[PDB]
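Shown next, in structure tokens, is the structure this report addresses.
The sequence lines fix the lettering, A, B, ..., with proteins before strands; numbering per chain opens at 1. These numbers come from the heavy atoms of this one structure, side chains and all, not from hydrogens, waters or symmetry mates.
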Amino acid sequence: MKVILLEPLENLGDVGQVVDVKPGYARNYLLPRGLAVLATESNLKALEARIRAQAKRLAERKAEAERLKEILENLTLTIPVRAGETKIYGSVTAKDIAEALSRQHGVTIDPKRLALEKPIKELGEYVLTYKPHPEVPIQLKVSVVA
Amino acid sequence: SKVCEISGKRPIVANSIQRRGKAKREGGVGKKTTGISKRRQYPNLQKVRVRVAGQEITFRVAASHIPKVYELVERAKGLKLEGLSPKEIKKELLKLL
RNA sequence: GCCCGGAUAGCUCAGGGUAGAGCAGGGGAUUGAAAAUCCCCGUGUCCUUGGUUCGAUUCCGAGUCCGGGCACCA
RNA sequence: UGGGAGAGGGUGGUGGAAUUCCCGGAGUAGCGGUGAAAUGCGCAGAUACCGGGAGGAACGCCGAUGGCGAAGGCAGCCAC
RNA sequence: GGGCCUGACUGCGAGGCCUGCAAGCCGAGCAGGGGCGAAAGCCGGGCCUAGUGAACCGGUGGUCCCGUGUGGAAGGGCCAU
RNA sequence: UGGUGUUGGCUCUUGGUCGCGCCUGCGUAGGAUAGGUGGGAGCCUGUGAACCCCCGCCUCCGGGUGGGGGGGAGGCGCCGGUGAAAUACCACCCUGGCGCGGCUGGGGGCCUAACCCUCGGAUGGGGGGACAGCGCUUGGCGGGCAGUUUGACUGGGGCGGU
RNA sequence: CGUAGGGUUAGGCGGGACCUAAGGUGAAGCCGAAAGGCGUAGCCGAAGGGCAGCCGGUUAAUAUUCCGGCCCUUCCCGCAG
RNA sequence: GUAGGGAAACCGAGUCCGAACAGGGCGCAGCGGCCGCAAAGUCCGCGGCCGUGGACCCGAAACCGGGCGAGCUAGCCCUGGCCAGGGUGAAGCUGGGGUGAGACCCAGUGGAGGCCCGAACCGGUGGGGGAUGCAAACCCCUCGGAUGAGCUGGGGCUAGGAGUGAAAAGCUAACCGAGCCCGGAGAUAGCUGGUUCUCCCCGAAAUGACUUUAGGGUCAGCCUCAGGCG
RNA sequence: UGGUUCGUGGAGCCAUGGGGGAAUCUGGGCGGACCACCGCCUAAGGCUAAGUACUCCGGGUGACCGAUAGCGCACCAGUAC
RNA sequence: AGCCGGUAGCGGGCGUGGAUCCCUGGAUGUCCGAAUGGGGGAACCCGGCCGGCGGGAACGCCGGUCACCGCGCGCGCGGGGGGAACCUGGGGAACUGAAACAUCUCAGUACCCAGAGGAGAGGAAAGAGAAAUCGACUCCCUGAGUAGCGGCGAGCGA
Ligand SMILES: [Mg+2]
Ligand SMILES: [Mg+2]
Ligand SMILES: [Mg+2]
Ligand SMILES: [Mg+2]
Ligand SMILES: [Mg+2]
Ligand SMILES: [Mg+2]
Ligand SMILES: [Mg+2]
Ligand SMILES: [Mg+2]
Ligand SMILES: [Mg+2]
Ligand SMILES: [Mg+2]
Ligand SMILES: [Mg+2]
Ligand SMILES: [Mg+2]
Ligand SMILES: [Mg+2]
Ligand SMILES: [Mg+2]
Ligand SMILES: [Mg+2]
Ligand SMILES: [Mg+2]
Ligand SMILES: [Mg+2]
Ligand SMILES: [Mg+2]
Ligand SMILES: [Mg+2]
Ligand SMILES: [Mg+2]
Ligand SMILES: [Mg+2]
Ligand SMILES: [Mg+2]
Ligand SMILES: [Mg+2]
Ligand SMILES: [Mg+2]
Ligand SMILES: [Mg+2]
Ligand SMILES: [Mg+2]
Ligand SMILES: [Mg+2]
Ligand SMILES: [Mg+2]
Ligand SMILES: [Mg+2]
Ligand SMILES: [Mg+2]
Ligand SMILES: [Mg+2]
Ligand SMILES: [Mg+2]
Ligand SMILES: [Mg+2]
Ligand SMILES: [Mg+2]
Ligand SMILES: [Mg+2]
Ligand SMILES: [Mg+2]
Ligand SMILES: [Mg+2]
Ligand SMILES: [Mg+2]
Ligand SMILES: [Mg+2]
Ligand SMILES: [Mg+2]
Ligand SMILES: [Mg+2]
Ligand SMILES: [Mg+2]
Ligand SMILES: [Mg+2]
Ligand SMILES: [Mg+2]
Ligand SMILES: [Mg+2]
Ligand SMILES: [Mg+2]
Ligand SMILES: [Mg+2]
Ligand SMILES: [Mg+2]
Ligand SMILES: [Mg+2]
Ligand SMILES: [Mg+2]
Ligand SMILES: [Mg+2]
Ligand SMILES: [Mg+2]
Ligand SMILES: [Mg+2]
Ligand SMILES: [Mg+2]
Ligand SMILES: [Mg+2]
Ligand SMILES: [Mg+2]
Ligand SMILES: [Mg+2]
Ligand SMILES: [Mg+2]
Ligand SMILES: [Mg+2]
Ligand SMILES: [Mg+2]
Ligand SMILES: [Mg+2]
Ligand SMILES: [Mg+2]
Ligand SMILES: [Mg+2]
Ligand SMILES: [Mg+2]
Ligand SMILES: [Mg+2]
Ligand SMILES: [Mg+2]
Ligand SMILES: [Mg+2]
Ligand SMILES: [Mg+2]
Ligand SMILES: [Mg+2]
Ligand SMILES: [Mg+2]
Ligand SMILES: [Mg+2]
Ligand SMILES: [Mg+2]
Ligand SMILES: [Mg+2]
Ligand SMILES: [Mg+2]
Ligand SMILES: [Mg+2]
Ligand SMILES: [Mg+2]
Ligand SMILES: [Mg+2]
Ligand SMILES: [Mg+2]
Ligand SMILES: [Mg+2]
Ligand SMILES: [Mg+2]
Ligand SMILES: [Mg+2]
Ligand SMILES: [Mg+2]
Ligand SMILES: [Mg+2]
Ligand SMILES: [Mg+2]
Ligand SMILES: [Mg+2]
Ligand SMILES: [Mg+2]
Ligand SMILES: [Mg+2]
Ligand SMILES: [Mg+2]
Ligand SMILES: [Mg+2]
Ligand SMILES: [Mg+2]
Ligand SMILES: [Mg+2]
Ligand SMILES: [Mg+2]
Ligand SMILES: [Mg+2]
Ligand SMILES: [Mg+2]
Ligand SMILES: [Mg+2]
Ligand SMILES: [Mg+2]
Ligand SMILES: [Mg+2]
Ligand SMILES: [Mg+2]
Ligand SMILES: [Mg+2]
Ligand SMILES: [Mg+2]
Ligand SMILES: [Mg+2]
Ligand SMILES: [Mg+2]
Ligand SMILES: [Mg+2]
Ligand SMILES: [Mg+2]
Ligand SMILES: [Mg+2]
Ligand SMILES: [Mg+2]
Ligand SMILES: [Mg+2]
Ligand SMILES: [Mg+2]
Ligand SMILES: [Mg+2]
Ligand SMILES: [Mg+2]
Ligand SMILES: [Mg+2]
Ligand SMILES: [Mg+2]
Ligand SMILES: [Mg+2]
Ligand SMILES: [Mg+2]
Ligand SMILES: [Mg+2]
Ligand SMILES: [Mg+2]
Ligand SMILES: [Mg+2]
Ligand SMILES: [Mg+2]
Ligand SMILES: [Mg+2]
Ligand SMILES: [Mg+2]
Ligand SMILES: [Mg+2]
Ligand SMILES: [Mg+2]
Ligand SMILES: [Mg+2]
Ligand SMILES: [Mg+2]
Ligand SMILES: [Mg+2]
Ligand SMILES: [Mg+2]
Ligand SMILES: [Mg+2]
Ligand SMILES: [Mg+2]
Ligand SMILES: [Mg+2]
Ligand SMILES: [Mg+2]
Ligand SMILES: [Mg+2]
Ligand SMILES: [Mg+2]
Ligand SMILES: [Mg+2]
Ligand SMILES: [Mg+2]
Ligand SMILES: [Mg+2]
Ligand SMILES: [Mg+2]
Ligand SMILES: [Mg+2]
Ligand SMILES: [Mg+2]
Ligand SMILES: [Mg+2]
Ligand SMILES: [Mg+2]
Ligand SMILES: [Mg+2]
Ligand SMILES: [Mg+2]
Ligand SMILES: [Mg+2]
Ligand SMILES: [Mg+2]
Ligand SMILES: [Mg+2]
Ligand SMILES: [Mg+2]
Ligand SMILES: [Mg+2]
Ligand SMILES: [Mg+2]
Ligand SMILES: [Mg+2]
Ligand SMILES: [Mg+2]
Ligand SMILES: [Mg+2]
Ligand SMILES: [Mg+2]
Ligand SMILES: [Mg+2]
Ligand SMILES: [Mg+2]
Ligand SMILES: [Mg+2]
Ligand SMILES: [Mg+2]
Ligand SMILES: [Mg+2]
Ligand SMILES: [Mg+2]
Ligand SMILES: [Mg+2]
Ligand SMILES: [Mg+2]
Ligand SMILES: [Mg+2]
Ligand SMILES: [Mg+2]
Ligand SMILES: [Mg+2]
Ligand SMILES: [Mg+2]
Ligand SMILES: [Mg+2]
Ligand SMILES: [Mg+2]
Ligand SMILES: [Mg+2]
Ligand SMILES: [Mg+2]
Ligand SMILES: [Mg+2]
Ligand SMILES: [Mg+2]
Ligand SMILES: [Mg+2]
Ligand SMILES: [Mg+2]
Ligand SMILES: [Mg+2]
Ligand SMILES: [Mg+2]
Ligand SMILES: [Mg+2]
Ligand SMILES: [Mg+2]
Ligand SMILES: [Mg+2]
Ligand SMILES: [Mg+2]
Ligand SMILES: [Mg+2]
Ligand SMILES: [Mg+2]
Ligand SMILES: [Mg+2]
Ligand SMILES: [Mg+2]
Ligand SMILES: [Mg+2]
Ligand SMILES: [Mg+2]
Ligand SMILES: [Mg+2]
Ligand SMILES: [Mg+2]
Ligand SMILES: [Mg+2]
Ligand SMILES: [Mg+2]
Ligand SMILES: [Mg+2]
Ligand SMILES: [Mg+2]
Ligand SMILES: [Mg+2]
Ligand SMILES: [Mg+2]
Ligand SMILES: [Mg+2]
Ligand SMILES: [Mg+2]
Ligand SMILES: [Mg+2]
Ligand SMILES: [Mg+2]
Ligand SMILES: [Mg+2]
Ligand SMILES: [Mg+2]
Ligand SMILES: [Mg+2]
Ligand SMILES: [Mg+2]
Ligand SMILES: [Mg+2]
Ligand SMILES: [Mg+2]
Ligand SMILES: [Mg+2]
Ligand SMILES: [Mg+2]
Ligand SMILES: [Mg+2]
Ligand SMILES: [Mg+2]
Ligand SMILES: [Mg+2]
Ligand SMILES: [Mg+2]
Ligand SMILES: [Mg+2]
Ligand SMILES: [Mg+2]
Ligand SMILES: [Mg+2]
Ligand SMILES: [Mg+2]
Ligand SMILES: [Mg+2]
Ligand SMILES: [Mg+2]
Ligand SMILES: [Mg+2]
Ligand SMILES: [Mg+2]
Ligand SMILES: [Mg+2]
Ligand SMILES: [Mg+2]
Ligand SMILES: [Mg+2]
Ligand SMILES: [Mg+2]
Ligand SMILES: [Mg+2]
Ligand SMILES: [Mg+2]
Ligand SMILES: [Mg+2]
Ligand SMILES: [Mg+2]
Ligand SMILES: [Mg+2]
Ligand SMILES: [Mg+2]
Ligand SMILES: [Mg+2]
Ligand SMILES: [Mg+2]
Ligand SMILES: [Mg+2]
Ligand SMILES: [Mg+2]
Ligand SMILES: [Mg+2]
Ligand SMILES: [Mg+2]
Ligand SMILES: [Mg+2]
Ligand SMILES: [Mg+2]
Ligand SMILES: [Mg+2]
Ligand SMILES: [Mg+2]
Ligand SMILES: [Mg+2]
Ligand SMILES: [Mg+2]
Ligand SMILES: [Mg+2]
Ligand SMILES: [Mg+2]
Ligand SMILES: [Mg+2]
Ligand SMILES: [Mg+2]
Ligand SMILES: [Mg+2]
Ligand SMILES: [Mg+2]
Ligand SMILES: [Mg+2]
Ligand SMILES: [Mg+2]
Ligand SMILES: [Mg+2]
Ligand SMILES: [Mg+2]
Ligand SMILES: [Mg+2]
Ligand SMILES: [Mg+2]
Ligand SMILES: [Mg+2]
Ligand SMILES: [Mg+2]
Ligand SMILES: [Mg+2]
Ligand SMILES: [Mg+2]
Ligand SMILES: [Mg+2]
């Protein structure tokens, strides 16, 4: 008897997988414990309706990240800081970089989504990895000048 | 055993025919009937307990139509069955037949 | 009729490369006897036929005879 | 009055050896029994071996030419 | 008693015996293909009279007659047992 | 009482058939452990040989064999001796093995959730448990019950005889 | 016996507006081709439980029933505690 | 009806069996002068007999279905009631005796018991009577039980292959080896009985064969009628 | 297993208590086992007058009865008993 | 033009201003009965609720209402029971016949039950069956005692 697993299970199959079980197992264990559902045609395409709705909401977000990847690797964030020859007096933090990004180029950015542990204390040119969604890591070239 | 609530199957009267002798198709003189008498054939009735709208419902149904019960449980999801008596839940469920 | 099998020394029980063993029998040993026991000795187309093989208890086929087993009977 | 030895008796407990049966395991062509045999038991797996269990009866060594009791009779060990 | 043989035939059968029916019995002669005999001829078991069982149901060999729209087939019929 | 339905989960050990893998096969004659046949003068070996340690092994007790640690130009065939039958390699197979995979069927242990019982408390707890019960089907026992049969002749009927 | 007329008077007697027994019926529920069979509660069900009237007189015919005498029960409303 | 023969295919005044042009089976067919009558055949009426129906009428013992009965009787359930009077004198208890203590013995008290005698009540042993009875089980005398496995009132439950039964196949509404009523139903009866006006002619049989047949049948024999023959 | 003329028969068809269990016209059922060919028809939802049966009731009519007949009842009968 | 039933009589009345009587509709319609407020040994008994009557609170009477089940979104609508035969469906004998008897017959009859209605069933092809055909069902004649079925018996029978 074909059923739709509603959870991963012991040597049975992954969630959403359609598996064949003895009818007794389905009627008196899986179904009354919400662990699965009989693969009737009605809620059988309701499965592919979801495999469609999620796959549309995933590929969407892997697209709305490229709409920042190509829009960030085609600029530079130049940040002025009062600094003596090399060393910044204050610093530039993630929040600073974000605040400066929305300042000049309007781009809004999650500073916690930016890979920078210690605040920058040196002048120079920096390339900092941004992660707005994995497998789309952005290389932001930033320029702390004086 | 009475009546399938789903299919309507009820006991039927059948004969029990006792035969002797070698069938003609095996080279015998033929079969002879040493007795016919009435008997009954019963549906393979079983209980099916399901839980619908937080109530327990029991069906007396022939094994053949056990699948038809859960099919009603599916079709009952689009119904507003809360607060109804278990007896009234059954009536509604059977209405979808 | 059909299936399953047998047949091997007088009796019986075993068995591709042997014709076996026990029991009955013969003599000897033994006792007081009846024996038990001990040694040796015998007693076969292995049912018949045809073929397989270098060879036939074997393997196959065909009869025969007797076992089994099963069903039917106007 | 103070002591002693003792299977003297009765009641309630309790210990180990052995037999038999039962279950598990391992194993195979005989076991048993006698003057010799036979009946009996064993390939439906006995005998012999190991482990587990149940149950009843009798108390090995000490133990003796011993002890105690009126006699009959009294023997594992413990308390009364 | 012996020699050769298979008529212990096939396809029929005039006419009778007997007889409630059904059965039972005798049978010349014609054809086919034979046996014995030189031939005339004889031979359709046995000197004779007991040694037997209607029909139904089924088996087997043959026939190729029927074959449920059609060709086949299943299953029947017919002859023999 | 078998099969099957209601009837499910996890294990363990099995048997039967199917396909493939590697073998096992030693009466006597003789190198030795010769399946049956056929092919065929080359198979091999740095794509690790002649020797030492582990064994799966099966041993008929003589041996056959593989993978491992050995190992760093060696092997055994045609040749032949007695064979019904030459030995290498290949190949299809016989009678058996086991290894894997397939369909399977058998048992045994456990689980709980169907089903059953039970719990003043019940969408629960406890016990039994895929057994039992119940459906369909198989064969069997079956005067408890049912329908019947149980001949005629005959110096009456039975008995006897026929 | 035929025709006709008359005659049976209860808050307290007996039963009901009270209780339950076997049993019957039976919301819940269970079962059965149909008819129907079960079934806890509940309801019904008495010669059992419970509950307030004794004596006398009177009629042709009733009387613990009418009358007389002396007693008593429940319900309703009110007053008092 | 006009065509039959063959298991059939099929052929056809033929056909089947067969090798047959053999044999055999079964088939094939008007009066007198084109006109009449008669006739194949068929239709309707009438009569005899036969088949199917209850089939000439009456009669079982029985079988089956659906109901009605435990106001009789049998058992059980619930709730009530009844058993005069007399007799016997268990245990225990008390006291006395007894003994180491006891067992035990004696007396008194006590009032047990499917105990005794006997009415009511419940029975029904023997005899007599009764026998178209007083009575479809009674009467007289006698006799059994009578605190019990006792009797009895009222309220209930169990029934037909079923109940109930201290068991007799007893009882289940005056006959129970399977109740009663209605129905299937006009069951069936090879048996027994019965079968109705008149006259005239003829006139049997009681044997054979076969028969779950023997006092019943089929055929033959023997009777009768119609047509034909002579 | 039942239905049909079909009693297991060569046993199809129609129905279905049990087990297994599809497809949507290039799908499916039938034409008497089965196969091929050739045809017929579209299952697993329902409704549908009329022609047909009967006679409690009304009328019409009898080569129907005429009080033991005709209904059990001509009448105060489903009564008396 | 007579009348107050069968039914005369006593005693009293009515009718051409149309009686009696006949047809239709209406009103009344105790109690029981499917019986339905509850109970019950049918025609009896006992209640709740609203309203009324009496002097009326107790008590009683009068009118209305109050069973259960199903269906529809407390309210509505429907069901219940009866009917001589007839009809359909669910169950379903035996005597008898086979001159015994079991398959078979009687017979899907008798009968029980449920249901329906003036009828009921059936009905618009997943049909027939051999015609290159027909064209729902029902009913009558015929086909036909045919085809077949059958201890190939008795019989049954499209
Ligand atoms: Mg900063
Ligand atoms: Mg049967
Ligand atoms: Mg055949
Ligand atoms: Mg038969
Ligand atoms: Mg038969
Ligand atoms: Mg039966
Ligand atoms: Mg059930
Ligand atoms: Mg279930
Ligand atoms: Mg559940
Ligand atoms: Mg099914
Ligand atoms: Mg199924
Ligand atoms: Mg002292
Ligand atoms: Mg053991
Ligand atoms: Mg022995
Ligand atoms: Mg042995
Ligand atoms: Mg063995
Ligand atoms: Mg013991
Ligand atoms: Mg001494
Ligand atoms: Mg001679
Ligand atoms: Mg000679
Ligand atoms: Mg010659
Ligand atoms: Mg000849
Ligand atoms: Mg002749
Ligand atoms: Mg003759
Ligand atoms: Mg005759
Ligand atoms: Mg003769
Ligand atoms: Mg000649
Ligand atoms: Mg000649
Ligand atoms: Mg010559
Ligand atoms: Mg000549
Ligand atoms: Mg001749
Ligand atoms: Mg001679
Ligand atoms: Mg016969
Ligand atoms: Mg024949
Ligand atoms: Mg043949
Ligand atoms: Mg032909
Ligand atoms: Mg056909
Ligand atoms: Mg054909
Ligand atoms: Mg062809
Ligand atoms: Mg042809
Ligand atoms: Mg043939
Ligand atoms: Mg034939
Ligand atoms: Mg034949
Ligand atoms: Mg079974
Ligand atoms: Mg199972
Ligand atoms: Mg377990
Ligand atoms: Mg288990
Ligand atoms: Mg559990
Ligand atoms: Mg558990
Ligand atoms: Mg539970
Ligand atoms: Mg539980
Ligand atoms: Mg549990
Ligand atoms: Mg089971
Ligand atoms: Mg089966
Ligand atoms: Mg059986
Ligand atoms: Mg018997
Ligand atoms: Mg009997
Ligand atoms: Mg009996
Ligand atoms: Mg029995
Ligand atoms: Mg009997
Ligand atoms: Mg007989
Ligand atoms: Mg006789
Ligand atoms: Mg006689
Ligand atoms: Mg005599
Ligand atoms: Mg005589
Ligand atoms: Mg005499
Ligand atoms: Mg005489
Ligand atoms: Mg005799
Ligand atoms: Mg008087
Ligand atoms: Mg009076
Ligand atoms: Mg008073
Ligand atoms: Mg009152
Ligand atoms: Mg009362
Ligand atoms: Mg009460
Ligand atoms: Mg109910
Ligand atoms: Mg019932
Ligand atoms: Mg009841
Ligand atoms: Mg009760
Ligand atoms: Mg009350
Ligand atoms: Mg009552
Ligand atoms: Mg009462
Ligand atoms: Mg009372
Ligand atoms: Mg009282
Ligand atoms: Mg009173
Ligand atoms: Mg007083
Ligand atoms: Mg007085
Ligand atoms: Mg008086
Ligand atoms: Mg007084
Ligand atoms: Mg007074
Ligand atoms: Mg003919
Ligand atoms: Mg011919
Ligand atoms: Mg001719
Ligand atoms: Mg001729
Ligand atoms: Mg004429
Ligand atoms: Mg006559
Ligand atoms: Mg006649
Ligand atoms: Mg008749
Ligand atoms: Mg007649
Ligand atoms: Mg009978
Ligand atoms: Mg009988
Ligand atoms: Mg009855
Ligand atoms: Mg009754
Ligand atoms: Mg009584
Ligand atoms: Mg009584
Ligand atoms: Mg009574
Ligand atoms: Mg009493
Ligand atoms: Mg008394
Ligand atoms: Mg007294
Ligand atoms: Mg007394
Ligand atoms: Mg006394
Ligand atoms: Mg005294
Ligand atoms: Mg006294
Ligand atoms: Mg005393
Ligand atoms: Mg006392
Ligand atoms: Mg004393
Ligand atoms: Mg004293
Ligand atoms: Mg005393
Ligand atoms: Mg006394
Ligand atoms: Mg007494
Ligand atoms: Mg006495
Ligand atoms: Mg006395
Ligand atoms: Mg006396
Ligand atoms: Mg008496
Ligand atoms: Mg008596
Ligand atoms: Mg008397
Ligand atoms: Mg006397
Ligand atoms: Mg007398
Ligand atoms: Mg008398
Ligand atoms: Mg008397
Ligand atoms: Mg007297
Ligand atoms: Mg007296
Ligand atoms: Mg007396
Ligand atoms: Mg007396
Ligand atoms: Mg007394
Ligand atoms: Mg007495
Ligand atoms: Mg007493
Ligand atoms: Mg008593
Ligand atoms: Mg009493
Ligand atoms: Mg009583
Ligand atoms: Mg009484
Ligand atoms: Mg009873
Ligand atoms: Mg009863
Ligand atoms: Mg009876
Ligand atoms: Mg009866
Ligand atoms: Mg009985
Ligand atoms: Mg008694
Ligand atoms: Mg009576
Ligand atoms: Mg009577
Ligand atoms: Mg009686
Ligand atoms: Mg009697
Ligand atoms: Mg009887
Ligand atoms: Mg009877
Ligand atoms: Mg009788
Ligand atoms: Mg009676
Ligand atoms: Mg009567
Ligand atoms: Mg009746
Ligand atoms: Mg009737
Ligand atoms: Mg009849
Ligand atoms: Mg009749
Ligand atoms: Mg009669
Ligand atoms: Mg009879
Ligand atoms: Mg007779
Ligand atoms: Mg008579
Ligand atoms: Mg007469
Ligand atoms: Mg005359
Ligand atoms: Mg004369
Ligand atoms: Mg004669
Ligand atoms: Mg005669
Ligand atoms: Mg006879
Ligand atoms: Mg006789
Ligand atoms: Mg006789
Ligand atoms: Mg006579
Ligand atoms: Mg007779
Ligand atoms: Mg005659
Ligand atoms: Mg004559
Ligand atoms: Mg004459
Ligand atoms: Mg004549
Ligand atoms: Mg004449
Ligand atoms: Mg003359
Ligand atoms: Mg039929
Ligand atoms: Mg059939
Ligand atoms: Mg049939
Ligand atoms: Mg058929
Ligand atoms: Mg079908
Ligand atoms: Mg089915
Ligand atoms: Mg198509
Ligand atoms: Mg298709
Ligand atoms: Mg079909
Ligand atoms: Mg089909
Ligand atoms: Mg077909
Ligand atoms: Mg068709
Ligand atoms: Mg068609
Ligand atoms: Mg259609
Ligand atoms: Mg249809
Ligand atoms: Mg209609
Ligand atoms: Mg119309
Ligand atoms: Mg119509
Ligand atoms: Mg009329
Ligand atoms: Mg009239
Ligand atoms: Mg007339
Ligand atoms: Mg007349
Ligand atoms: Mg009269
Ligand atoms: Mg009359
Ligand atoms: Mg007269
Ligand atoms: Mg008359
Ligand atoms: Mg009338
Ligand atoms: Mg009348
Ligand atoms: Mg009369
Ligand atoms: Mg009369
Ligand atoms: Mg009257
Ligand atoms: Mg007057
Ligand atoms: Mg006047
Ligand atoms: Mg006028
Ligand atoms: Mg006028
Ligand atoms: Mg007018
Ligand atoms: Mg009116
Ligand atoms: Mg009422
Ligand atoms: Mg009532
Ligand atoms: Mg009021
Ligand atoms: Mg007043
Ligand atoms: Mg008032
Ligand atoms: Mg008032
Ligand atoms: Mg009132
Ligand atoms: Mg009221
Ligand atoms: Mg009713
Ligand atoms: Mg109605
Ligand atoms: Mg009917
Ligand atoms: Mg019917
Ligand atoms: Mg019917
Ligand atoms: Mg019956
Ligand atoms: Mg029958
Ligand atoms: Mg019968
Ligand atoms: Mg009979
Ligand atoms: Mg008949
Ligand atoms: Mg008969
Ligand atoms: Mg007869
Ligand atoms: Mg008889
Ligand atoms: Mg019969
Ligand atoms: Mg029958
Ligand atoms: Mg009949
Ligand atoms: Mg029938
Ligand atoms: Mg009728
Ligand atoms: Mg009409
Ligand atoms: Mg209609
Ligand atoms: Mg249509
Ligand atoms: Mg048609
Ligand atoms: Mg057409
Ligand atoms: Mg059409
Ligand atoms: Mg039309
Ligand atoms: Mg015709
Ligand atoms: Mg038939
Ligand atoms: Mg028949
Ligand atoms: Mg038939
Ligand atoms: Mg019939
Ligand atoms: Mg028909």
- Query: Checking only heavy atoms, does the side chain of B:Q46 share a donor-acceptor pair with the base of F:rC115 at less than 3.5 Å?
  - Reply: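 Donor-acceptor pair under 3.5 Å: no.
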
- Message: Contact list please: residues 27-46 of chain A against RNA chain J, heavy atoms, distance less than 4.0 Å, in numerical order.
- Response: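 Contacting residues: none.
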
For residues 9-21 of chain A, run the donor-acceptor check on the side chains, cut-off 3.5 Å, and write out each pair with its distance to 0.1 Å, sequence neighbours left out.
unit_1 : atom_1 : unit_2 : atom_2 : d
A:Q17  : OE1    : A:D14  : N      : 2.7
A:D20  : OD1    : A:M1   : N      : 3.2
A:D20  : OD1    : A:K2   : N      : 3.0

At under 4.0 Å, does any side-chain N or O of [X] touch on OP1 or OP2 of [N]?
X	N	value
B:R10	I:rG17	no
B:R39	F:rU137	yes
B:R49	F:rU123	no
B:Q18	J:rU103	no

Report, one pair per line, the protein and nucleotides 141-146 of chain F atoms (nitrogen or oxygen only) whose separation is under 3.5 Å.
none

- Item | Interatomic distance where CD belongs to B:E26 and P belongs to E:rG75 [whole Å] |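 Nearest whole value for this atom pair: 13 Å.
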
- Query: Between atom NZ in B:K47 and atom P in F:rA130, what is the gap in whole Å?
  - Reply: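 So the NZ-P distance, B:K47 to F:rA130, works out to 21 Å.
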
Please list each protein N or O that sits under 3.5 Å from an N or O in nucleotides 18-23 of chain I, with the distance.
unit_1 : atom_1 : unit_2 : atom_2 : d
I:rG18 : OP1    : B:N44  : N      : 2.8
I:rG18 : OP2    : B:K9   : NZ     : 2.7
I:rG19 : OP1    : B:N44  : ND2    : 2.9

- Return the nucleotide paired to H:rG75: Watson-Crick means purine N1 to pyrimidine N3 with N6-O4 or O6-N4, wobble means G-U with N1-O2 and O6-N3, both under 3.5 Å.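 Paired with H:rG75, as far as the under-3.5 Å criterion goes, is H:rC157.
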
- Kindly write out the residues that satisfy salt bridge (charged side-chain N to carboxylate O under 4.0 Å, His left out) with B:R49, not counting sequence neighbours, or none if the list is empty.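 Counting only residues at least two positions away or on another chain, B:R49 forms a salt bridge (charged side-chain N to carboxylate O under 4.0 Å, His left out) with B:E56.
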
- Output all residues satisfying salt bridge (charged side-chain N to carboxylate O under 4.0 Å, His left out) with B:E71, sequence neighbours left out; order by chain, then residue number.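 B:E71: salt bridge (charged side-chain N to carboxylate O under 4.0 Å, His left out) contacts with B:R75.
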
- List in chain and number order the residues that pass ring pair (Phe, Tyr, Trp, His ring centres under 6.0 Å) with A:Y126, two or more places apart in sequence or in another chain; answer none if no residue qualifies.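 Listed in chain order: nothing, the list is empty.
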
- Return the angle between end axes of the helix from F:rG8-F:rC111 to F:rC23-F:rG96, with five pairs used per end and rounding to 10°.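 So the angle between the two local helix axes works out to 20°.
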
Using atom names, set out every protein N or O paired with an N or O of nucleotides 5-12 of chain I below 3.5 Å, distance rounded to 0.1 Å.
unit_1 : atom_1 : unit_2 : atom_2 : d
I:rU8  : OP2    : B:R19  : NH1    : 2.7
I:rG9  : OP1    : B:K31  : N      : 2.7
I:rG9  : OP2    : B:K24  : N      : 2.8

For residues 32-47 of chain B, please give each side-chain donor-acceptor pair under 3.5 Å, one per line with the distance, not counting sequence neighbours.
unit_1 : atom_1 : unit_2 : atom_2 : d
B:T34  : OG1    : B:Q18  : O      : 3.4
B:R40  : NH1    : B:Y42  : OH     : 3.3
B:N44  : OD1    : B:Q46  : NE2    : 3.2

Look for any protein N or O under 3.5 Å of an N or O in nucleotides 104-113 of chain J and output each such pair with its distance, or none.
unit_1  : atom_1 : unit_2 : atom_2 : d
J:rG108 : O6     : B:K38  : NZ     : 2.5

Solution key, residues 26-47 of chain A side-chain donor-acceptor pairs under 3.5 Å, sequence neighbours excluded:
unit_1 : atom_1 : unit_2 : atom_2 : d
A:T40  : OG1    : A:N43  : OD1    : 3.0
A:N43  : ND2    : B:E74  : OE2    : 3.3

